[PDB]
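Trainee: All I have is the shape, not the residue letters:
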């Protein structure tokens with residue numbers, strides 16, 4: 001594997017951010033609430049190191065610069081996130097990433113998910 005001696009096995013001497021995109025990227029819609037949607041995902045196999053949290057990006061535009069893209073930081077190292085108060089009949093692009101004690105990594109391909117539609121005056 002590599003060349004080097006061993007002695008002070010007091011953990012790692014250095015960490016390497018997750019330079020790999022997440023897996024199990026799915027985007028569903030809330031039951032009853034069209035303006036609300038749930039985004040699930042899973043940690044990458046590489047996982048050069050450990051995990052502490054995740055970040056999701058979403059914006060009406062797709063060609064827009066990450067700068068414009070909003071940052072939805074997830075707490076409790078959660079693998080799922082919910083976004084309410086959104087627009088209907090509009091193509092929204094979502095992105096999921098993995099960040100650890102060190103930092104964040106590369107974002108996955110833009111997930112195009114067409115928002116649902118309100119069917120019936122009843123909801124709840």
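Mentor: Everything's here; your move. Residues are numbered from 1 along each chain as shown.
Trainee: ok, which stretches of this structure are strands?
Mentor: Remark: strands assigned in the chain by DSSP state E are 23-29, 37-42, 53-59, 70-74, 80-83, 91-99, 111-114.
Trainee: contacting residues for the residue nearest the centre of the chain?
Mentor: Centroid-nearest residue in the chain, with C-alpha atoms, centre = their mean: residue 96, separated by 2.3 Å. Counting by C-beta atoms under 8 Å, 6 or more residues apart in numbering, residue 96 makes contact with 21-22, 25, 39, 41, 54-56, 107-108, 111. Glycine gets a C-beta too; all of them are placed from N, C-alpha and C.
Trainee: do that again at 7 Å, thanks
Mentor: By C-beta atoms under 7 Å, 6 or more residues apart in numbering, the residues touching residue 96 are 22, 25, 39, 41, 54, 56, 108.
Trainee: ok so, going back, mind giving me CSV with the strands of the chain and columns for distance to residue 8?
Mentor: As requested, those are exported to CSV (distance: least, C-beta to C-beta, whole Å):
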stretch, distance to residue 8
strand 23-29, 34
strand 37-42, 34
strand 53-59, 29
strand 70-74, 34
strand 80-83, 39
strand 91-99, 28
strand 111-114, 44
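Trainee: Nearest to residue 102 among the contacts of residue 96?
Mentor: Distance to residue 102, by C-beta to C-beta, is smallest for residue 54 among the contacts of residue 96, at 14.0 Å.
Trainee: neighbours around the closest residue in space to that closest one that isn't next to it in sequence, how many?
Mentor: Spatially, and ignoring its direct neighbours in sequence, residue 54 is nearest to residue 74 (4.5 Å; C-beta to C-beta, 6 or more residues apart in numbering). By other C-beta atoms under 10 Å, the residues close to residue 74 number 17.
Trainee: go on, residue 24?
Mentor: Residues near residue 24, counting by other C-beta under 10 Å: 10.
Trainee: List the residues that contact it.
Mentor: 40-42.
Trainee: ok, now residue 36?
Mentor: 30, 82-84 are the contacts of residue 36 under C-beta under 7 Å, 6+ apart.
Trainee: what's the closest of the strands of the chain to residue 15?
Mentor: It's strand 91-99; of the strands of the chain, that one is closest to residue 15 (C-beta to C-beta) at 11.9 Å.
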